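Student: Got a file for you: target-v3.pdb, PDB, N, CA and C atoms.
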ATOM      1  N   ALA A   2       7.689  67.791  -2.290
ATOM      2  CA  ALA A   2       9.054  67.246  -2.583
ATOM      3  C   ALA A   2       9.015  65.791  -3.044
ATOM      4  N   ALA A   3       8.426  64.916  -2.229
ATOM      5  CA  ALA A   3       8.309  63.490  -2.574
ATOM      6  C   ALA A   3       7.385  63.276  -3.772
ATOM      7  N   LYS A   4       7.710  62.271  -4.585
ATOM      8  CA  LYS A   4       6.950  61.949  -5.806
ATOM      9  C   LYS A   4       5.527  61.480  -5.495
ATOM     10  N   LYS A   5       4.536  62.284  -5.881
ATOM     11  CA  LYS A   5       3.126  61.910  -5.738
ATOM     12  C   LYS A   5       2.785  60.770  -6.684
ATOM     13  N   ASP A   6       1.805  59.956  -6.305
ATOM     14  CA  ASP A   6       1.417  58.805  -7.124
ATOM     15  C   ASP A   6       0.120  59.141  -7.825
ATOM     16  N   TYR A   7       0.249  59.711  -9.014
ATOM     17  CA  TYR A   7      -0.902  60.125  -9.779
ATOM     18  C   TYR A   7      -1.703  58.926 -10.294
ATOM     19  N   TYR A   8      -1.028  57.811 -10.544
ATOM     20  CA  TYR A   8      -1.732  56.607 -10.972
ATOM     21  C   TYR A   8      -2.717  56.104  -9.916
ATOM     22  N   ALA A   9      -2.309  56.150  -8.652
ATOM     23  CA  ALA A   9      -3.194  55.749  -7.540
ATOM     24  C   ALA A   9      -4.382  56.699  -7.375
ATOM     25  N   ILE A  10      -4.168  57.975  -7.681
ATOM     26  CA  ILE A  10      -5.254  58.952  -7.571
ATOM     27  C   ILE A  10      -6.367  58.625  -8.577
ATOM     28  N   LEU A  11      -5.984  58.236  -9.795
ATOM     29  CA  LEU A  11      -6.946  57.868 -10.828
ATOM     30  C   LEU A  11      -7.408  56.400 -10.784
ATOM     31  N   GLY A  12      -6.686  55.549 -10.059
ATOM     32  CA  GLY A  12      -7.013  54.124  -9.934
ATOM     33  C   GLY A  12      -6.656  53.284 -11.153
ATOM     34  N   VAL A  13      -5.480  53.555 -11.716
ATOM     35  CA  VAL A  13      -5.018  52.865 -12.911
ATOM     36  C   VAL A  13      -3.595  52.385 -12.679
ATOM     37  N   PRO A  14      -3.190  51.344 -13.412
ATOM     38  CA  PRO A  14      -1.800  50.938 -13.338
ATOM     39  C   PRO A  14      -0.855  51.938 -14.004
ATOM     40  N   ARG A  15       0.412  51.841 -13.655
ATOM     41  CA  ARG A  15       1.445  52.692 -14.250
ATOM     42  C   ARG A  15       1.519  52.551 -15.756
ATOM     43  N   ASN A  16       1.170  51.371 -16.263
ATOM     44  CA  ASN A  16       1.240  51.099 -17.702
ATOM     45  C   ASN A  16      -0.076  51.364 -18.449
ATOM     46  N   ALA A  17      -0.989  52.097 -17.817
ATOM     47  CA  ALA A  17      -2.291  52.381 -18.412
ATOM     48  C   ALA A  17      -2.151  53.148 -19.702
ATOM     49  N   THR A  18      -3.092  52.954 -20.601
ATOM     50  CA  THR A  18      -3.130  53.750 -21.811
ATOM     51  C   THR A  18      -3.693  55.145 -21.520
ATOM     52  N   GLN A  19      -3.498  56.073 -22.445
ATOM     53  CA  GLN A  19      -4.094  57.390 -22.301
ATOM     54  C   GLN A  19      -5.614  57.284 -22.310
ATOM     55  N   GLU A  20      -6.159  56.378 -23.121
ATOM     56  CA  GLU A  20      -7.615  56.135 -23.130
ATOM     57  C   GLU A  20      -8.136  55.685 -21.767
ATOM     58  N   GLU A  21      -7.416  54.756 -21.152
ATOM     59  CA  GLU A  21      -7.747  54.261 -19.814
ATOM     60  C   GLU A  21      -7.680  55.372 -18.765
ATOM     61  N   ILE A  22      -6.657  56.220 -18.879
ATOM     62  CA  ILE A  22      -6.508  57.394 -18.027
ATOM     63  C   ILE A  22      -7.710  58.327 -18.194
ATOM     64  N   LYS A  23      -8.038  58.637 -19.446
ATOM     65  CA  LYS A  23      -9.222  59.443 -19.744
ATOM     66  C   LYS A  23     -10.487  58.845 -19.133
ATOM     67  N   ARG A  24     -10.741  57.558 -19.341
ATOM     68  CA  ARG A  24     -11.990  56.992 -18.823
ATOM     69  C   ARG A  24     -12.029  56.945 -17.272
ATOM     70  N   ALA A  25     -10.874  56.741 -16.633
ATOM     71  CA  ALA A  25     -10.784  56.761 -15.171
ATOM     72  C   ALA A  25     -11.068  58.166 -14.617
ATOM     73  N   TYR A  26     -10.469  59.177 -15.243
ATOM     74  CA  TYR A  26     -10.747  60.570 -14.908
ATOM     75  C   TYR A  26     -12.231  60.926 -15.067
ATOM     76  N   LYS A  27     -12.832  60.512 -16.184
ATOM     77  CA  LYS A  27     -14.235  60.830 -16.441
ATOM     78  C   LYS A  27     -15.135  60.210 -15.376
ATOM     79  N   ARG A  28     -14.846  58.961 -14.993
ATOM     80  CA  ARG A  28     -15.577  58.268 -13.908
ATOM     81  C   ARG A  28     -15.545  59.054 -12.608
ATOM     82  N   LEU A  29     -14.364  59.564 -12.273
ATOM     83  CA  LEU A  29     -14.169  60.330 -11.052
ATOM     84  C   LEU A  29     -14.744  61.745 -11.156
ATOM     85  N   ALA A  30     -14.584  62.384 -12.312
ATOM     86  CA  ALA A  30     -15.169  63.703 -12.541
ATOM     87  C   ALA A  30     -16.691  63.675 -12.459
ATOM     88  N   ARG A  31     -17.312  62.584 -12.902
ATOM     89  CA  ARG A  31     -18.775  62.454 -12.794
ATOM     90  C   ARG A  31     -19.263  62.466 -11.338
ATOM     91  N   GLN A  32     -18.368  62.093 -10.424
ATOM     92  CA  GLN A  32     -18.646  62.011  -8.995
ATOM     93  C   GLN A  32     -18.279  63.287  -8.222
ATOM     94  N   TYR A  33     -17.133  63.891  -8.530
ATOM     95  CA  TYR A  33     -16.595  64.986  -7.711
ATOM     96  C   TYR A  33     -16.670  66.395  -8.320
ATOM     97  N   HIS A  34     -17.128  66.523  -9.571
ATOM     98  CA  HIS A  34     -17.221  67.837 -10.251
ATOM     99  C   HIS A  34     -18.051  68.846  -9.435
ATOM    100  N   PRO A  35     -17.637  70.135  -9.390
ATOM    101  CA  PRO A  35     -18.309  71.105  -8.513
ATOM    102  C   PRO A  35     -19.836  71.142  -8.585
ATOM    103  N   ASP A  36     -20.387  71.170  -9.795
ATOM    104  CA  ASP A  36     -21.834  71.380  -9.951
ATOM    105  C   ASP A  36     -22.681  70.101  -9.827
ATOM    106  N   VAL A  37     -22.040  68.932  -9.758
ATOM    107  CA  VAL A  37     -22.742  67.693  -9.377
ATOM    108  C   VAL A  37     -22.617  67.425  -7.872
ATOM    109  N   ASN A  38     -21.436  67.693  -7.317
ATOM    110  CA  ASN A  38     -21.160  67.485  -5.897
ATOM    111  C   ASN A  38     -20.597  68.763  -5.280
ATOM    112  N   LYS A  39     -21.381  69.374  -4.393
ATOM    113  CA  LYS A  39     -21.043  70.667  -3.797
ATOM    114  C   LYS A  39     -20.344  70.546  -2.435
ATOM    115  N   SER A  40     -19.937  69.332  -2.061
ATOM    116  CA  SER A  40     -19.304  69.098  -0.768
ATOM    117  C   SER A  40     -17.854  69.589  -0.757
ATOM    118  N   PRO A  41     -17.344  69.983   0.429
ATOM    119  CA  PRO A  41     -15.929  70.351   0.535
ATOM    120  C   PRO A  41     -14.992  69.173   0.289
ATOM    121  N   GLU A  42     -15.446  67.968   0.634
ATOM    122  CA  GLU A  42     -14.673  66.746   0.413
ATOM    123  C   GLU A  42     -14.505  66.482  -1.081
ATOM    124  N   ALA A  43     -15.554  66.775  -1.847
ATOM    125  CA  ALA A  43     -15.511  66.676  -3.302
ATOM    126  C   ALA A  43     -14.538  67.677  -3.913
ATOM    127  N   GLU A  44     -14.526  68.912  -3.410
ATOM    128  CA  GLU A  44     -13.619  69.941  -3.924
ATOM    129  C   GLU A  44     -12.160  69.508  -3.779
ATOM    130  N   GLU A  45     -11.797  69.060  -2.580
ATOM    131  CA  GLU A  45     -10.415  68.682  -2.272
ATOM    132  C   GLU A  45      -9.949  67.440  -3.041
ATOM    133  N   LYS A  46     -10.838  66.458  -3.191
ATOM    134  CA  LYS A  46     -10.532  65.249  -3.965
ATOM    135  C   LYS A  46     -10.383  65.563  -5.450
ATOM    136  N   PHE A  47     -11.300  66.370  -5.979
ATOM    137  CA  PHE A  47     -11.276  66.741  -7.396
ATOM    138  C   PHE A  47     -10.028  67.559  -7.751
ATOM    139  N   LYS A  48      -9.548  68.376  -6.816
ATOM    140  CA  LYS A  48      -8.280  69.085  -6.998
ATOM    141  C   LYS A  48      -7.166  68.080  -7.272
ATOM    142  N   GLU A  49      -7.076  67.063  -6.415
ATOM    143  CA  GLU A  49      -6.061  66.017  -6.566
ATOM    144  C   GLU A  49      -6.221  65.278  -7.879
ATOM    145  N   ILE A  50      -7.464  64.967  -8.229
ATOM    146  CA  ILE A  50      -7.743  64.234  -9.456
ATOM    147  C   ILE A  50      -7.367  65.062 -10.693
ATOM    148  N   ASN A  51      -7.646  66.363 -10.652
ATOM    149  CA  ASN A  51      -7.315  67.230 -11.772
ATOM    150  C   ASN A  51      -5.812  67.401 -11.983
ATOM    151  N   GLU A  52      -5.063  67.517 -10.895
ATOM    152  CA  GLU A  52      -3.603  67.594 -10.997
ATOM    153  C   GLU A  52      -3.053  66.300 -11.573
ATOM    154  N   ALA A  53      -3.553  65.175 -11.074
ATOM    155  CA  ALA A  53      -3.161  63.869 -11.607
ATOM    156  C   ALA A  53      -3.448  63.754 -13.100
ATOM    157  N   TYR A  54      -4.620  64.222 -13.520
ATOM    158  CA  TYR A  54      -5.003  64.182 -14.923
ATOM    159  C   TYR A  54      -4.198  65.147 -15.785
ATOM    160  N   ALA A  55      -3.939  66.341 -15.264
ATOM    161  CA  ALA A  55      -3.082  67.319 -15.930
ATOM    162  C   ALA A  55      -1.732  66.718 -16.308
ATOM    163  N   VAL A  56      -1.172  65.927 -15.402
ATOM    164  CA  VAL A  56       0.134  65.325 -15.629
ATOM    165  C   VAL A  56      -0.006  64.115 -16.556
ATOM    166  N   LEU A  57      -0.924  63.207 -16.236
ATOM    167  CA  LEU A  57      -0.975  61.922 -16.921
ATOM    168  C   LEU A  57      -1.652  61.940 -18.289
ATOM    169  N   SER A  58      -2.523  62.913 -18.546
ATOM    170  CA  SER A  58      -3.271  62.929 -19.800
ATOM    171  C   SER A  58      -2.498  63.434 -21.004
ATOM    172  N   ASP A  59      -1.362  64.095 -20.767
ATOM    173  CA  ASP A  59      -0.486  64.573 -21.829
ATOM    174  C   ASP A  59       0.706  63.620 -21.842
ATOM    175  N   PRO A  60       0.817  62.788 -22.881
ATOM    176  CA  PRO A  60       1.895  61.799 -22.869
ATOM    177  C   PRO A  60       3.305  62.360 -22.680
ATOM    178  N   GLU A  61       3.567  63.562 -23.185
ATOM    179  CA  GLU A  61       4.894  64.166 -23.046
ATOM    180  C   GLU A  61       5.172  64.559 -21.596
ATOM    181  N   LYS A  62       4.175  65.116 -20.921
ATOM    182  CA  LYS A  62       4.339  65.469 -19.518
ATOM    183  C   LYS A  62       4.414  64.199 -18.666
ATOM    184  N   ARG A  63       3.623  63.187 -19.028
ATOM    185  CA  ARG A  63       3.646  61.904 -18.336
ATOM    186  C   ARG A  63       5.033  61.285 -18.348
ATOM    187  N   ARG A  64       5.721  61.410 -19.472
ATOM    188  CA  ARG A  64       7.077  60.882 -19.577
ATOM    189  C   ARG A  64       8.030  61.558 -18.593
ATOM    190  N   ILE A  65       7.897  62.865 -18.427
ATOM    191  CA  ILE A  65       8.722  63.605 -17.477
ATOM    192  C   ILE A  65       8.462  63.126 -16.064
ATOM    193  N   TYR A  66       7.181  62.939 -15.766
ATOM    194  CA  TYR A  66       6.763  62.408 -14.471
ATOM    195  C   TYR A  66       7.289  60.993 -14.236
ATOM    196  N   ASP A  67       7.121  60.116 -15.219
ATOM    197  CA  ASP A  67       7.575  58.739 -15.086
ATOM    198  C   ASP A  67       9.093  58.622 -14.874
ATOM    199  N   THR A  68       9.870  59.551 -15.435
ATOM    200  CA  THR A  68      11.333  59.482 -15.343
ATOM    201  C   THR A  68      11.863  60.054 -14.041
ATOM    202  N   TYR A  69      11.040  60.865 -13.384
ATOM    203  CA  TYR A  69      11.369  61.450 -12.094
ATOM    204  C   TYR A  69      11.718  60.395 -11.040
ATOM    205  N   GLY A  70      12.852  60.591 -10.374
ATOM    206  CA  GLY A  70      13.292  59.690  -9.310
ATOM    207  C   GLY A  70      14.090  58.491  -9.790
ATOM    208  N   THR A  71      14.204  58.325 -11.107
ATOM    209  CA  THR A  71      14.963  57.221 -11.666
ATOM    210  C   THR A  71      16.432  57.599 -11.728
ATOM    211  N   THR A  72      17.246  56.612 -12.071
ATOM    212  CA  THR A  72      18.666  56.809 -12.292
ATOM    213  C   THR A  72      19.004  57.340 -13.703
ATOM    214  N   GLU A  73      17.996  57.500 -14.558
ATOM    215  CA  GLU A  73      18.170  58.121 -15.872
ATOM    216  C   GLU A  73      18.407  59.635 -15.710
ATOM    217  N   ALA A  74      19.278  60.205 -16.538
ATOM    218  CA  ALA A  74      19.532  61.643 -16.506
ATOM    219  C   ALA A  74      18.295  62.378 -16.990
ATOM    220  N   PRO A  75      17.943  63.497 -16.333
ATOM    221  CA  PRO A  75      16.721  64.164 -16.746
ATOM    222  C   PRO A  75      16.947  65.026 -17.989
ATOM    223  N   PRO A  76      15.892  65.233 -18.794
ATOM    224  CA  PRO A  76      15.985  66.159 -19.919
ATOM    225  C   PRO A  76      15.893  67.613 -19.463
ATOM    226  N   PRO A  77      16.771  68.497 -19.980
ATOM    227  CA  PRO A  77      16.625  69.925 -19.692
ATOM    228  C   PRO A  77      15.244  70.434 -20.103
ATOM    229  N   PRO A  78      14.645  71.354 -19.315
ATOM    230  CA  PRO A  78      13.287  71.785 -19.655
ATOM    231  C   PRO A  78      13.216  72.421 -21.046
ATOM    232  N   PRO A  79      12.099  72.216 -21.767
ATOM    233  CA  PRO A  79      12.007  72.665 -23.156
ATOM    234  C   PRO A  79      11.831  74.180 -23.279
ATOM    235  N   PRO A  80      12.018  74.734 -24.497
ATOM    236  CA  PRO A  80      11.911  76.186 -24.668
ATOM    237  C   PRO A  80      10.491  76.690 -24.422
ATOM    238  N   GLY A  81      10.371  77.771 -23.650
ATOM    239  CA  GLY A  81       9.072  78.363 -23.319
ATOM    240  C   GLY A  81       8.365  77.763 -22.111
ATOM    241  N   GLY A  82       8.816  76.592 -21.657
ATOM    242  CA  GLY A  82       8.192  75.898 -20.529
ATOM    243  C   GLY A  82       7.123  74.909 -20.959
ATOM    244  N   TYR A  83       6.254  74.542 -20.015
ATOM    245  CA  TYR A  83       5.169  73.580 -20.245
ATOM    246  C   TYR A  83       3.826  74.299 -20.396
ATOM    247  N   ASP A  84       2.825  73.579 -20.898
ATOM    248  CA  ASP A  84       1.517  74.156 -21.222
ATOM    249  C   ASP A  84       0.399  73.323 -20.587
ATOM    250  N   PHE A  85      -0.233  73.883 -19.559
ATOM    251  CA  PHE A  85      -1.314  73.214 -18.845
ATOM    252  C   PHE A  85      -2.637  73.952 -19.034
ATOM    253  N   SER A  86      -2.972  74.248 -20.285
ATOM    254  CA  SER A  86      -4.226  74.918 -20.603
ATOM    255  C   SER A  86      -5.404  74.065 -20.143
ATOM    256  N   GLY A  87      -6.416  74.718 -19.582
ATOM    257  CA  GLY A  87      -7.584  74.025 -19.051
ATOM    258  C   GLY A  87      -7.399  73.418 -17.672
ATOM    259  N   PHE A  88      -6.341  73.821 -16.959
ATOM    260  CA  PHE A  88      -6.082  73.329 -15.604
ATOM    261  C   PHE A  88      -5.749  74.466 -14.627
ATOM    262  N   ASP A  89      -6.219  74.333 -13.384
ATOM    263  CA  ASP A  89      -5.932  75.300 -12.318
ATOM    264  C   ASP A  89      -4.559  75.039 -11.701
ATOM    265  N   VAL A  90      -3.518  75.357 -12.464
ATOM    266  CA  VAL A  90      -2.137  74.994 -12.129
ATOM    267  C   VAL A  90      -1.520  75.789 -10.975
ATOM    268  N   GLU A  91      -1.864  77.066 -10.854
ATOM    269  CA  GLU A  91      -1.293  77.895  -9.789
ATOM    270  C   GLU A  91      -1.560  77.327  -8.385
ATOM    271  N   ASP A  92      -2.646  76.568  -8.234
ATOM    272  CA  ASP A  92      -3.010  75.960  -6.953
ATOM    273  C   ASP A  92      -2.522  74.508  -6.777
ATOM    274  N   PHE A  93      -1.764  73.977  -7.739
ATOM    275  CA  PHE A  93      -1.284  72.595  -7.645
ATOM    276  C   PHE A  93      -0.143  72.439  -6.643
ATOM    277  N   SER A  94       0.099  71.189  -6.256
ATOM    278  CA  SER A  94       1.033  70.821  -5.190
ATOM    279  C   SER A  94       2.453  71.305  -5.435
ATOM    280  N   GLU A  95       3.247  71.351  -4.371
ATOM    281  CA  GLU A  95       4.655  71.721  -4.500
ATOM    282  C   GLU A  95       5.439  70.686  -5.316
ATOM    283  N   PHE A  96       5.046  69.415  -5.248
ATOM    284  CA  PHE A  96       5.666  68.409  -6.114
ATOM    285  C   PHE A  96       5.484  68.766  -7.596
ATOM    286  N   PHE A  97       4.268  69.160  -7.962
ATOM    287  CA  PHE A  97       3.944  69.543  -9.335
ATOM    288  C   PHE A  97       4.747  70.768  -9.767
ATOM    289  N   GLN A  98       4.809  71.771  -8.898
ATOM    290  CA  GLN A  98       5.529  73.002  -9.220
ATOM    291  C   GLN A  98       7.012  72.705  -9.436
ATOM    292  N   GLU A  99       7.550  71.800  -8.622
ATOM    293  CA  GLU A  99       8.951  71.408  -8.698
ATOM    294  C   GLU A  99       9.236  70.621  -9.970
ATOM    295  N   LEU A 100       8.365  69.655 -10.251
ATOM    296  CA  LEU A 100       8.508  68.781 -11.416
ATOM    297  C   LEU A 100       8.451  69.545 -12.741
ATOM    298  N   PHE A 101       7.582  70.551 -12.816
ATOM    299  CA  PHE A 101       7.365  71.318 -14.049
ATOM    300  C   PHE A 101       7.646  72.800 -13.846
TER     301      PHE A 101
END
If you took the structure in this file and wrote it as structure tokens, what would it be?

Tutor:
Amino acid sequence: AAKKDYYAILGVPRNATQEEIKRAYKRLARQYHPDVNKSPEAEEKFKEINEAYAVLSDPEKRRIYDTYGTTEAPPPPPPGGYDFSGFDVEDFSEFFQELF
């Protein structure tokens, strides 16, 4: 329900560029990816990192996230829904499911 802080998960400011987001994700993926790190702690952290990246790496989805909780009126969801190809979305947080 409460707004997750995807910027804190990746270690970047709210005003980060998409390039900065990409490089922060890559730094973390090099550490927590399944076949480099087989620990359960790595699995759970990487889940969080992937959801954060799923949202923040697509500028259009990032905008929806950034506007969440503000006093600005929200945009009606677009035709067909959203597209999170290359992400394990069915297992993402209830905040994510609610937001998108």

Student: Could you pull out the helix (DSSP H, G or I) residues of chain A, going by DSSP on the backbone, and write them as a VMD selection string?

Tutor: chain A and resid 7 to 11 19 to 33 41 to 57 60 to 68 90 to 92 95 to 100

Student: What does the distance from atom CA of residue 41 of chain A to atom C of residue 98 of chain A come to in Å, to one decimal?

Tutor: 25.1 Å

Student: Care to translate the PyMOL selection byres (((chain A and resi 48-64 and name CA) around 10) and name CA) into actual residues of this file, as a tab-separated table (two decimals) with N, CA and C atoms, in the frame of the given file?

Tutor:
chain	number	residue	atom	x	y	z
A	5	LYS	N	4.54	62.28	-5.88
A	5	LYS	CA	3.13	61.91	-5.74
A	5	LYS	C	2.78	60.77	-6.68
A	6	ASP	N	1.80	59.96	-6.30
A	6	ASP	CA	1.42	58.80	-7.12
A	6	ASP	C	0.12	59.14	-7.82
A	7	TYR	N	0.25	59.71	-9.01
A	7	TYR	CA	-0.90	60.12	-9.78
A	7	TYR	C	-1.70	58.93	-10.29
A	8	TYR	N	-1.03	57.81	-10.54
A	8	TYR	CA	-1.73	56.61	-10.97
A	8	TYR	C	-2.72	56.10	-9.92
A	9	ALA	N	-2.31	56.15	-8.65
A	9	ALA	CA	-3.19	55.75	-7.54
A	9	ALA	C	-4.38	56.70	-7.38
A	10	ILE	N	-4.17	57.98	-7.68
A	10	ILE	CA	-5.25	58.95	-7.57
A	10	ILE	C	-6.37	58.62	-8.58
A	11	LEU	N	-5.98	58.24	-9.80
A	11	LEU	CA	-6.95	57.87	-10.83
A	11	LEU	C	-7.41	56.40	-10.78
A	15	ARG	N	0.41	51.84	-13.66
A	15	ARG	CA	1.44	52.69	-14.25
A	15	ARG	C	1.52	52.55	-15.76
A	17	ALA	N	-0.99	52.10	-17.82
A	17	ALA	CA	-2.29	52.38	-18.41
A	17	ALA	C	-2.15	53.15	-19.70
A	18	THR	N	-3.09	52.95	-20.60
A	18	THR	CA	-3.13	53.75	-21.81
A	18	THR	C	-3.69	55.14	-21.52
A	19	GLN	N	-3.50	56.07	-22.44
A	19	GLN	CA	-4.09	57.39	-22.30
A	19	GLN	C	-5.61	57.28	-22.31
A	20	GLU	N	-6.16	56.38	-23.12
A	20	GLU	CA	-7.62	56.14	-23.13
A	20	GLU	C	-8.14	55.68	-21.77
A	21	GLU	N	-7.42	54.76	-21.15
A	21	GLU	CA	-7.75	54.26	-19.81
A	21	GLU	C	-7.68	55.37	-18.76
A	22	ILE	N	-6.66	56.22	-18.88
A	22	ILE	CA	-6.51	57.39	-18.03
A	22	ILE	C	-7.71	58.33	-18.19
A	23	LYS	N	-8.04	58.64	-19.45
A	23	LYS	CA	-9.22	59.44	-19.74
A	23	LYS	C	-10.49	58.84	-19.13
A	25	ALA	N	-10.87	56.74	-16.63
A	25	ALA	CA	-10.78	56.76	-15.17
A	25	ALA	C	-11.07	58.17	-14.62
A	26	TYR	N	-10.47	59.18	-15.24
A	26	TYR	CA	-10.75	60.57	-14.91
A	26	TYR	C	-12.23	60.93	-15.07
A	27	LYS	N	-12.83	60.51	-16.18
A	27	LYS	CA	-14.24	60.83	-16.44
A	27	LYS	C	-15.14	60.21	-15.38
A	29	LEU	N	-14.36	59.56	-12.27
A	29	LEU	CA	-14.17	60.33	-11.05
A	29	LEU	C	-14.74	61.74	-11.16
A	30	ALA	N	-14.58	62.38	-12.31
A	30	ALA	CA	-15.17	63.70	-12.54
A	30	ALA	C	-16.69	63.68	-12.46
A	33	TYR	N	-17.13	63.89	-8.53
A	33	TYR	CA	-16.60	64.99	-7.71
A	33	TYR	C	-16.67	66.40	-8.32
A	34	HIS	N	-17.13	66.52	-9.57
A	34	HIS	CA	-17.22	67.84	-10.25
A	34	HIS	C	-18.05	68.85	-9.44
A	43	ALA	N	-15.55	66.78	-1.85
A	43	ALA	CA	-15.51	66.68	-3.30
A	43	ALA	C	-14.54	67.68	-3.91
A	44	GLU	N	-14.53	68.91	-3.41
A	44	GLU	CA	-13.62	69.94	-3.92
A	44	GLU	C	-12.16	69.51	-3.78
A	45	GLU	N	-11.80	69.06	-2.58
A	45	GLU	CA	-10.42	68.68	-2.27
A	45	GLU	C	-9.95	67.44	-3.04
A	46	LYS	N	-10.84	66.46	-3.19
A	46	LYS	CA	-10.53	65.25	-3.96
A	46	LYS	C	-10.38	65.56	-5.45
A	47	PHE	N	-11.30	66.37	-5.98
A	47	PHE	CA	-11.28	66.74	-7.40
A	47	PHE	C	-10.03	67.56	-7.75
A	65	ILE	N	7.90	62.86	-18.43
A	65	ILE	CA	8.72	63.60	-17.48
A	65	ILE	C	8.46	63.13	-16.06
A	66	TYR	N	7.18	62.94	-15.77
A	66	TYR	CA	6.76	62.41	-14.47
A	66	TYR	C	7.29	60.99	-14.24
A	67	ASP	N	7.12	60.12	-15.22
A	67	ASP	CA	7.58	58.74	-15.09
A	67	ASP	C	9.09	58.62	-14.87
A	68	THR	N	9.87	59.55	-15.44
A	68	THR	CA	11.33	59.48	-15.34
A	68	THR	C	11.86	60.05	-14.04
A	69	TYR	N	11.04	60.86	-13.38
A	69	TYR	CA	11.37	61.45	-12.09
A	69	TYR	C	11.72	60.40	-11.04
A	83	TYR	N	6.25	74.54	-20.02
A	83	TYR	CA	5.17	73.58	-20.24
A	83	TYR	C	3.83	74.30	-20.40
A	84	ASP	N	2.82	73.58	-20.90
A	84	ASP	CA	1.52	74.16	-21.22
A	84	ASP	C	0.40	73.32	-20.59
A	85	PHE	N	-0.23	73.88	-19.56
A	85	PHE	CA	-1.31	73.21	-18.84
A	85	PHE	C	-2.64	73.95	-19.03
A	86	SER	N	-2.97	74.25	-20.28
A	86	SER	CA	-4.23	74.92	-20.60
A	86	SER	C	-5.40	74.06	-20.14
A	87	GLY	N	-6.42	74.72	-19.58
A	87	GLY	CA	-7.58	74.03	-19.05
A	87	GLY	C	-7.40	73.42	-17.67
A	88	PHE	N	-6.34	73.82	-16.96
A	88	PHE	CA	-6.08	73.33	-15.60
A	88	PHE	C	-5.75	74.47	-14.63
A	89	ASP	N	-6.22	74.33	-13.38
A	89	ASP	CA	-5.93	75.30	-12.32
A	89	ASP	C	-4.56	75.04	-11.70
A	90	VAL	N	-3.52	75.36	-12.46
A	90	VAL	CA	-2.14	74.99	-12.13
A	90	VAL	C	-1.52	75.79	-10.98
A	92	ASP	N	-2.65	76.57	-8.23
A	92	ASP	CA	-3.01	75.96	-6.95
A	92	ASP	C	-2.52	74.51	-6.78
A	93	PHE	N	-1.76	73.98	-7.74
A	93	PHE	CA	-1.28	72.60	-7.64
A	93	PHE	C	-0.14	72.44	-6.64
A	94	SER	N	0.10	71.19	-6.26
A	94	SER	CA	1.03	70.82	-5.19
A	94	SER	C	2.45	71.31	-5.44
A	97	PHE	N	4.27	69.16	-7.96
A	97	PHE	CA	3.94	69.54	-9.34
A	97	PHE	C	4.75	70.77	-9.77
A	100	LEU	N	8.36	69.66	-10.25
A	100	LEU	CA	8.51	68.78	-11.42
A	100	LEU	C	8.45	69.54	-12.74
A	101	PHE	N	7.58	70.55	-12.82
A	101	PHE	CA	7.36	71.32	-14.05
A	101	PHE	C	7.65	72.80	-13.85

Student: For the file shown, what are the residues hit by the PyMOL selection byres (((chain A and resi 3 and name CA) around 10) and name CA), laid out as a compact mmCIF listing (two decimals) with N, CA and C atoms, in the frame of the given file?

Tutor:
# COMPACT_ATOMS: atom_id res chain seq x y z
N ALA A 2 7.69 67.79 -2.29
CA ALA A 2 9.05 67.25 -2.58
C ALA A 2 9.02 65.79 -3.04
N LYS A 4 7.71 62.27 -4.58
CA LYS A 4 6.95 61.95 -5.81
C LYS A 4 5.53 61.48 -5.50
N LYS A 5 4.54 62.28 -5.88
CA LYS A 5 3.13 61.91 -5.74
C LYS A 5 2.78 60.77 -6.68
N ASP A 6 1.80 59.96 -6.30
CA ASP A 6 1.42 58.80 -7.12
C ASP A 6 0.12 59.14 -7.82
N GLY A 70 12.85 60.59 -10.37
CA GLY A 70 13.29 59.69 -9.31
C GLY A 70 14.09 58.49 -9.79
N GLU A 95 3.25 71.35 -4.37
CA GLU A 95 4.66 71.72 -4.50
C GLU A 95 5.44 70.69 -5.32
N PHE A 96 5.05 69.42 -5.25
CA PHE A 96 5.67 68.41 -6.11
C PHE A 96 5.48 68.77 -7.60

Student: Between atom N of residue 36 of chain A and atom N of residue 13 of chain A, what is the distance in Å, rounded to a tenth?

Tutor: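 Spanning atom N of residue 36 of chain A to atom N of residue 13 of chain A is a straight-line distance of 23.2 Å.
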
Student: Atom N of residue 14 of chain A and atom C of residue 77 of chain A, how far apart in Å?

Tutor: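 Atom C of residue 77 of chain A sits 27.4 Å away from atom N of residue 14 of chain A.
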